């Protein structure tokens, strides 16, 4: 194991993120036992994860990690239980993970982080009900929004627009945000207010469409420009934790749940693949930038699974 790297990795795996070069980023939390903290790990060999001794870099954070995101190719943006948004930077040699900034602006657990299209700004959502826009360079909050009436479950930056992002909450709102407008959020959704939204994924090719998962295993296809829901399917038996699109020209949608399964769906939301590999909640999913049919999942069972999607 490298220097500064913790001798042991925390059981609860929170995030799995493939970098453009192929190096896997790992977010971990200790959600039980004596100490409730976290760790950040780099795996230049994704097949060596979760093994601690066969890693490129590793660090320990003060509190657990609720959300993670690659900021470029060296930066790591962390949503902490501490109320902090943390930015860590990879070493010149990429052998250490050093803290750039740790800012305590949120009044409760920071649950969701998203990097804005340019890579200069970021958006965070919290249990404190706020949404904050961050200037990563100045290490400051530019805008704090209290649009929601309950905890912010998810925030997703639009692919190619630095002003646009999606947000969802336990207040049953899915908000479209344009910081260019005097009133930046706009309430969008289906004709009927159903089950609470739990996950969002912007479409990688159609910048006016997104997918949203709910608390009851339903996945929904939404055109923002038509503001009425077209397709929907009961994919999972429990809350949809995450939605991640394949890098493909015609993308595949990977769906995660508390039902402990992974589903891979086509354009019409039909089921292609299904993996019951996990024996605990599936927390993240990342498609390899190298082999496009290779999808990686992490759960609370401490399994780093590598699936081959047909």
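Residue numbers count along the first chain shown, from 1.
S.K.: Determine, for stretches 229-237 and 79-87, which one has the higher mean CA B-factor as deposited.
M.R.: Of 79-87 and 229-237, the stretch with the higher C-alpha B-factor average is 229-237.
S.K.: Which is higher on mean Cα B factor in this entry, 89-97 or 147-155?
M.R.: The entry gives the higher C-alpha B-factor average to 89-97.
S.K.: Which one of 196, 185, 190, 164 shows the top CA temperature factor in the record?
M.R.: Of the candidates given, the C-alpha B-factor peaks at 190.
S.K.: Would you mind checking which of 122, 110, 175, 209 has the top Cα temperature factor in the PDB entry?
M.R.: The record points to 209.
S.K.: Lowest, middle or highest third: which one holds residue 271 when the chain's residues are ordered by CA B-factor from the entry?
M.R.: For residue 271, the deposited C-alpha B-factor lands in the highest third.
S.K.: Please place residue 103 in the lowest, middle or highest third of its chain according to the CA B-factor in the PDB entry.
M.R.: Middle third.
S.K.: Tell me, lowest, middle or highest third: where does the Cα B factor of residue 45 rank within its chain?
M.R.: For residue 45, the deposited C-alpha B-factor lands in the highest third.
S.K.: Ranked by Cα temperature factor within the chain, is residue 54 in the lowest third, the middle third or the highest third?
M.R.: Tercile = highest for this residue's CA B-factor.
S.K.: Comparing residue 213 with the other modelled residues of its chain, is its CA B-factor in the lowest, middle or highest third?
M.R.: It belongs to the lowest third of the chain when residues are ordered by C-alpha B-factor.
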